[PDB]
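As structure tokens, the structure follows; a few thoughts come after it.
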Amino acid sequence: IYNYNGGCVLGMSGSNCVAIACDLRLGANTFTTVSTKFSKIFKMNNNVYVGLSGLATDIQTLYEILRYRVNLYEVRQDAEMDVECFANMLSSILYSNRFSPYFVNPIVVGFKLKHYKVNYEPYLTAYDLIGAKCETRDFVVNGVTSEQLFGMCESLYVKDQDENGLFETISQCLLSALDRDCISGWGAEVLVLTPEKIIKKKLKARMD
Amino acid sequence: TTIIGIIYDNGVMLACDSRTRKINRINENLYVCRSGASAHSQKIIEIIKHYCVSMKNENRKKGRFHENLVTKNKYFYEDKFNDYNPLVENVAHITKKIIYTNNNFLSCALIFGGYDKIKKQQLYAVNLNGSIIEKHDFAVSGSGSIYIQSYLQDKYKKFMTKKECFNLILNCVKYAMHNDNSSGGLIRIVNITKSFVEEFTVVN
Amino acid sequence: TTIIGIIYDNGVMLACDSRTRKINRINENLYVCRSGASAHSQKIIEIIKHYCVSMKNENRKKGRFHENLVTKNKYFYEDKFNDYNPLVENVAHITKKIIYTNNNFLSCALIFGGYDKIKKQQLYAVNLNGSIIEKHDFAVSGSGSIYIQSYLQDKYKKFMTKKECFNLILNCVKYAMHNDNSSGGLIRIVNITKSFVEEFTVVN
Amino acid sequence: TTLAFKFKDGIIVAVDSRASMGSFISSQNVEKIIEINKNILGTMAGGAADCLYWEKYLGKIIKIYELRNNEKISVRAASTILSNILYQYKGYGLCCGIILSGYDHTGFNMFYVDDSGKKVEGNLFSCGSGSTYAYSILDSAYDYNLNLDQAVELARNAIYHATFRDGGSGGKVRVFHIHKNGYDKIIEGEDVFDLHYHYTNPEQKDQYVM
Amino acid sequence: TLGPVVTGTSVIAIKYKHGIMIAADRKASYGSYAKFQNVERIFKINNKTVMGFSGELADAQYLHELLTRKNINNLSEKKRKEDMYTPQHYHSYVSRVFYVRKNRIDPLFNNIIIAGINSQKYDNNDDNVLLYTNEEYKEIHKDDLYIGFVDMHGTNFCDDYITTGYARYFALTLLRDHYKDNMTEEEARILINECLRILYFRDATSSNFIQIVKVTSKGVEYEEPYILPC
Amino acid sequence: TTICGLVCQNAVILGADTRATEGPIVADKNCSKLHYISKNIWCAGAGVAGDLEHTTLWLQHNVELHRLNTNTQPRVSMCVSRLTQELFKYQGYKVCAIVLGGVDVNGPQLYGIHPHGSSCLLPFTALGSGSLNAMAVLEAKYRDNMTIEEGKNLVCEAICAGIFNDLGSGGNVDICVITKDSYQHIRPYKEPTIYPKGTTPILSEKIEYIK
Amino acid sequence: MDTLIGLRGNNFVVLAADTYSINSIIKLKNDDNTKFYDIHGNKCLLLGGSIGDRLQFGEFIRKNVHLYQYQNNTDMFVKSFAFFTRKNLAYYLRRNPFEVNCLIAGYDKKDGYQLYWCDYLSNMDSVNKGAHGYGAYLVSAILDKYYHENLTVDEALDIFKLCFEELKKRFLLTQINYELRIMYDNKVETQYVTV
Amino acid sequence: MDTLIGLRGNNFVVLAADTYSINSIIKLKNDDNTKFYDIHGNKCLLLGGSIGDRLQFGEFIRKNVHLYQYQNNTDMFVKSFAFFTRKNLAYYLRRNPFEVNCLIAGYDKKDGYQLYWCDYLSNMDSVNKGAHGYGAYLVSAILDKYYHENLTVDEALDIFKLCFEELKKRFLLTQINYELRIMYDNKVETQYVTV
Amino acid sequence: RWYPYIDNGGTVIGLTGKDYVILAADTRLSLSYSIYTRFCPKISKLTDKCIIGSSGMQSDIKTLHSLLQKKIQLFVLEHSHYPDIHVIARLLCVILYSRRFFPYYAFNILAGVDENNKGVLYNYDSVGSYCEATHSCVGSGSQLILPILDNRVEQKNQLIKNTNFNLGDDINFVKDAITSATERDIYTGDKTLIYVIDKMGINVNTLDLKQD
Ligand SMILES: *C(=O)[C@H]1N[C@@](C)(CO)[C@](O)([C@H](Cc2ccc(F)cc2F)NC(=O)[C@H](Cc2ccc(F)cc2)NC(=O)[C@@H](CC(=O)N(CC)CC)NC(=O)CCCCC)O[C@H]1C
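Right under this line is the structure:
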């Protein structure tokens, strides 16, 4: 069922710098694509991002459900929402349809604020199609192309890293993973968030 | 799983294996030995204990009236004369109702044992589905009891002593453990009498 | 179907039920009691009788040597000293071969009984598939023998008399008939000894 | 995705280079065109081992026939032999898909052969997952009496667009040219990456949208 | 041939100084009935080789006739002690038989161990062989010993300790925790008894009436069966 | 996955590995199977990790509410009852087998929960793919009334035996000690290529400074 | 089965679909009108699948969008129309499935001329061009080949003519008759083609 | 799938069939030649079904009939050809089935102009007229309506033109191109039609 | 109702150079979720300048390797010269396709050095298709290592580039790859054998990996 609209997402961490990336394919009947702009990354808060991989309708439906819940939370509390709270709420939503579930394997990527000045701690985690959370503290990968990404990251991860080197690392890992999957690819985007700014870049991938 | 129950003189005995505590204390004068699926049996054991506490509270009158190792425990009854302890026919028949209404899922053969003032020592056999039969001689259930059916038929007497039934039920469960493959561990035995109940286990 | 075989002193006994003649005479010193499917068992009984006649002719030396109702028949052996009667190990092992090579279809548990000069009274148990085990104490097969497994274990002695084994096997098959549902009719019993074989049936 | 069409200066044959075990590609470079004879080629599709083994077997039998009779075989005879032997293994699991093309005494000829003994003669064929896209682009822009340069450009673009909407197809393009005196390899292997960023996205600014 | 009916439990085989030690419970279970509690599950092919068994009994018996009669044919064309076939020969033979039956799809529902001594420089038993009817032990190098395994699918290997059945979880764990090299007979028998005790306490299909066999310079020694101490 | 539990001298010790699998591959190398129910009750289990996480959070917060309402120390039998009703109501499809342990007023007592809603108090148990490897050496070495150090060493005997043996289990070994007063959670108990700048190609870039 | 084609560029949009009412092995008609659904305002919905499913879904979506526009007295945005159709299709997919493809198109002041692909499992995303049915295989690569930026409506109609010629020549159902629906310069023009 | 039509009357015989080489959802060609099998003498065999089955069966039957005629030095009778084809088809049906329809036709001195229907299960019988495939439903009643005794070849071709127009207009596979095979006055004339 | 196919599991890594070929493989045998032994080499030497590695069913690879060695020895006996690696590759292709309908559960890699001192590497499927390569991997971990080899050898999606590669760096890269596979896959192994082939014969080393 995940061969229908195959996709992949990825996210790494570094020294006061975090990265998230995805492929831009939308499939139909497995072996014929229809679009090269379907971004699996969705901005949700000023320092929280979420990567949804799986069936496209379930990706979109889960995006609107989470956007509803999020914007409700910032409007009532009148303050910015935390990554852990969003992760727990996402796990509850995926569990709430434990039977007949959303066929989506999401991830969460963002920053953790520790007020005292303020320190931005990286945060990354991944989920099954039910909400099997597992904190990882380094590279997090999820999708049909997950095995190739797991293979690439350990060879290419260098612990904490500069944001430029992080972009090179995550870009090479994603491009080498997507080239070895037939139903995943067709371009890529790499979002590198920092406290000062976010850099969004698209890669000259084997989109063909 | 092997399950055996025998009526002897002024009392009643029960037995099991320990392989997967199969005897469960619903009440002081009322014990039940479980066979079949563990989860199904434990759920209905929780529910029947709930119902027993309900009727035991409900049937209470208002005012004053009546003015190897054989490691064993003894528990004398708190209620003398069986004033408010429920009847084993009642608990067995509501158990029959519960299994019958949910017989599509519930698959567990239960055998009941207790003492009542009205009808003395009793032994009720709840089968698969909602079938209940009062056994005046003996009751059997589980895979391991299949092999000792003729042994019990041969060596049973009408009015047996406590020691006779002790040795007979112990050798019965030992032979079932020896023959049957899915039964083992220490043997548990419970003797229920007019005025007390004594729990004793055998490690052989 | 219930099938029982017991080794006692200077002899061996067999038993069956009559419900669907389960004992079959392969040879004078060799009887076999059939359990399982009727057609499969009867086909292999025809084939094993064919093989027994073949080896019985073949092993013959050249020249001169050695210069309720208990209605019963007796058949003294024609061959004294077991000069040319085949061995029960041989017939049982070719039977094992036949069931093993056709175990995909053949489903029949056979128990063999006979007397041999080399190894005296013997009792071989051919199971489902090609599994053969020599039972020195007793052998069992059929649905009705499942219930008397502990009874036989309890009341068996090492060196039993003819009358002891007679009463034990008769009560064994009677209890199996009483418990088991698919066994009944007159009981057939065959006693095989060093120098004779006697067939007797019980209608109780 | 295989490709073959007939024009003034012979036959042009084009193939991809991908190889899939399902959702995962085994190898990005392969060779789907075999020199069955000096004057005959054959594409490859479907089950890789089946088609490879059977074109090599057919090449063996062709060497037998030519060496005995001392006469070059026709494409019709090789196609008939292939369809006959593949029909013997009908209902067994073969998925051979073949386009046989070459020059013989009759002239330039082309045949399509399948696992079901589907011998079909023609002048334009394509087998694979991306067969429909190549058929569409050729029949939009295929003509007789066009130059060889236009023919290789058309075949390369058709293979590109077949790879564009087919994950199964990809890798590199291998365009061969068959003529009277054998054949020549116009494009031994050329990456589809620079092909895309020449054809559809000549300017390397912003992701291409479709 | 179509499925298991009468099943044995498990066997354990370990090599030590002076030979190897192989143990098995004498029981064959008819499902959940335990019909037979005295069955010979460890067999002998010749001196310096034995055959293990955990599975369907008919297939083990068929393999027993094949292996022992292959040894008979070996003896019938023997002229010197070195001409006797090694455990590697028989292990390869069983592996080929299992592979052929797998390819035909008519498998044997068994998991065999073949083990013994693949050398002749330690005893002179095989120069004059004694099939029917029948000093100090000589220490044997582990390289000259051999223990093998054969799966339903024909999978095979060799190691210093091999177990089948449920012993591949319990007893293999105890061996990987505690197995040393060149342990005496007492330590090896203690380890085997501990593993079989753990199996008896957590395996229905097993039992305590254990058979123990040794393969040393003196030859195959079927000791008296013993009930486990527990 | 490998889980274990143990009853000791007036204490309970739980143990588990730190690895989770998404098929024949490994996702997390330092996972946390041990989970906090109460200050004197802990748990760990094997199955679908989403079911384990949600059911454990539900049990944790329900126990917290029950403690706040009653103002009495939480009890392990209550947690067993809630879990057994929860798994029995949902027909056993929530495959989550849990090793429950705690120290209530009735002394230490370990419990083993199964998918179908059955339960059984045991002195020791193990669950998961690598259960048998661990619990063999447990019953080999288990004794009544140990010291706490002997219990922790045996727990590393079980979980380190299962890590070395089972393929579905691995990584670090977790230990948690539960007591009538206080607890201890030893998370790491035992613990047995840069590219140049501009290497990758791009075709778009857009910097958005954050307010 | 039912071929739908769609193309979008600067200052135009084109939709197209065969005109055939299939029942079993025959045609009820060669001039079907059950596939296109004109919405009030510069909007349209083209459906493909079983006749009853597209009838119920298209009428339901059209008349609810009309209800929104009449109650609110404003023209619904095209993006809202597309995502509302997707949400309705996904909701009905989970309970009472509608095996029906979609091609949402329209014009908006804020987004301009735009098109949306959508599958029978509500697999929706914006595209410049797309197709549905088995004929999507035989026309989509043509649309890749001859589409370029700053296109015109006449060039688009030439591309559609090429696609119709290909569907007549090579596709198994040699579809001859088609109906088009052009949106440009705040007009909605319909054409009928027979290659 | 593959439409075959046949008509027989006094002093003529006509066969007809679509020219299409279907593979999956496309056409390999619009000018197929794998359906008709000319036999030496005034005989023919028209097959319909999968391409490989009709290729193997038609070549086998044709080349065996040629073998009979060369060995025996005489023209095989049409009835013998039809029943031999039926027996071969039935024999192969019982072992290695050939999912292929048939329409045997020819001319004989003793029987005259005659035609034989035959199904894929070798359900054979002489007829004045018949058809095969899903298109047999949409053309057989026309053939009943406009057939009469003492017909001519031109009237028959008009009937075939009506059937082709019906298959183009109403049948799901709107088949345009067809190939005919007329037997009359000891000639075998072939025609190609595009309605 | 018996399926004659089990994935014992493993991985075999291969890499080439100008005048050498490096092939590495595990030394673990296993079942679904349990390990038989910690030492089971899957690499079998065929000739003086050729080896073969595999993954899948242990019995099938053993039978295939011993059969191929039988055919090679018979070839040397009949023809009085050792066979080339291309000859062995075509022979293994024909052997695999002989069992087309009951295929070997064996994903093979055939390494060696041609007569012109060129390190070749052929990679196979279960049925018989084969193609020369400069890098390949098979088994359970094939999806893990194959992108890494594509990054290192082919080195596409890069601009600066570096083709300066030698024997020691290639060996160290193979050690890094097999270690990463051992961390990131459960069937991989605990000890691995790095076979290296050169014009001056064959050398074999051993390396110790994680035991989990
Ligand atoms: C064009 O459309 C294009 N599509 C693909 C690439 C799609 O796979 C393919 O069909 C390709 C053929 C091919 C590949 C390599 C090669 F050297 C020659 C060749 F002709 N098809 C495939 O590779 C198989 C997919 C398949 C299709 C239909 C079927 F009925 C079954 C399978 N895949 C393989 O052959 C694969 C293993 C295999 O044999 N399988 C799948 C398990 C069937 C038993 N073998 C390889 O990929 C190469 C060997 C391994 C290298 C490490 O070609 C054209 C049509």
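Keeping their order, the protein sequence lines are chains A, B, C, D, E, F, G, H and I.
So that you can map any letter, position 79 of the first sequence is 416 in the numbering used here, and since no number is skipped, the others follow by simple counting.
So that you can map any letter, position 129 of the second sequence is 130 in the numbering used here, and since no number is skipped, the others follow by simple counting.
So that you can map any letter, position 183 of the third sequence is 184 in the numbering used here, and since no number is skipped, the others follow by simple counting.
So that you can map any letter, position 194 of the fourth sequence is 223 in the numbering used here, and since no number is skipped, the others follow by simple counting.
So that you can map any letter, position 162 of the fifth sequence is 1150 in the numbering used here, and since no number is skipped, the others follow by simple counting.
So that you can map any letter, position 192 of the sixth sequence is 224 in the numbering used here, and since no number is skipped, the others follow by simple counting.
So that you can map any letter, position 191 of the seventh sequence is 193 in the numbering used here, and since no number is skipped, the others follow by simple counting.
So that you can map any letter, position 179 of the eighth sequence is 181 in the numbering used here, and since no number is skipped, the others follow by simple counting.
So that you can map any letter, position 111 of the ninth sequence is 210 in the numbering used here, and since no number is skipped, the others follow by simple counting.
All C-beta atoms, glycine included, are put in the ideal place defined by N, C-alpha and C.
Using the Cβ count rule (16 or more neighbours within 10 Å means buried), how would you classify residue i?
i, result
"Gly114 (chain G)", "exposed"
"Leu1119 (chain E)", "exposed"
Could you compute how far the alpha carbon of residue i sits from the alpha carbon of residue j?
i, j, result
"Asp117 (chain C)", "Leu88 (chain C)", "6 Å"
"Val1038 (chain E)", "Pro1075 (chain E)", "8 Å"
"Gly343 (chain A)", "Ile396 (chain A)", "12 Å"
"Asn501 (chain A)", "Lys234 (chain D)", "21 Å"
"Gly524 (chain A)", "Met489 (chain A)", "18 Å"
"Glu47 (chain C)", "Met178 (chain C)", "28 Å"
Nearest to residue i by alpha carbon, out of the options?
i, options, result
"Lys45 (chain H)", "H:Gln116, H:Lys31, H:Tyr72", "H:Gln116"
"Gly480 (chain A)", "F:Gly82, F:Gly37, F:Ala59", "F:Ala59"
"residue 339 (chain I)", "I:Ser143, I:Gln157, I:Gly116", "Past the edges of chain I, shown from 100 to 311, lies residue 339 (chain I), and the structure says nothing about it."
"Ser239 (chain I)", "I:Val120, I:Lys290, I:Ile285", "I:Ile285"
Compute every distance between the C-beta of residue i and the non-hydrogen atoms of ligand 1, then say whether any falls below 7 Å.
i, result
"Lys61 (chain D)", "yes"
"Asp224 (chain I)", "yes"
"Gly75 (chain D)", "yes"
"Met50 (chain D)", "yes"
"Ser154 (chain I)", "no"
"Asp106 (chain I)", "no"
"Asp195 (chain D)", "yes"
"residue 13 (chain D)", "The shown model of chain D, from 30 to 239, leaves out residue 13 (chain D), and the question about it has no answer."
Run through DSSP, which three-state label would residue i get?
i, result
"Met1009 (chain E)", "strand"
"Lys81 (chain C)", "helix"
"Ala469 (chain A)", "coil"
"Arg26 (chain C)", "strand"
"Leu31 (chain C)", "strand"
Is residue i a contact residue of ligand 3, with contact defined as CB to any heavy atom under 7 Å?
i, result
"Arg47 (chain D)", "What this structure holds is ligand 1, not ligand 3."
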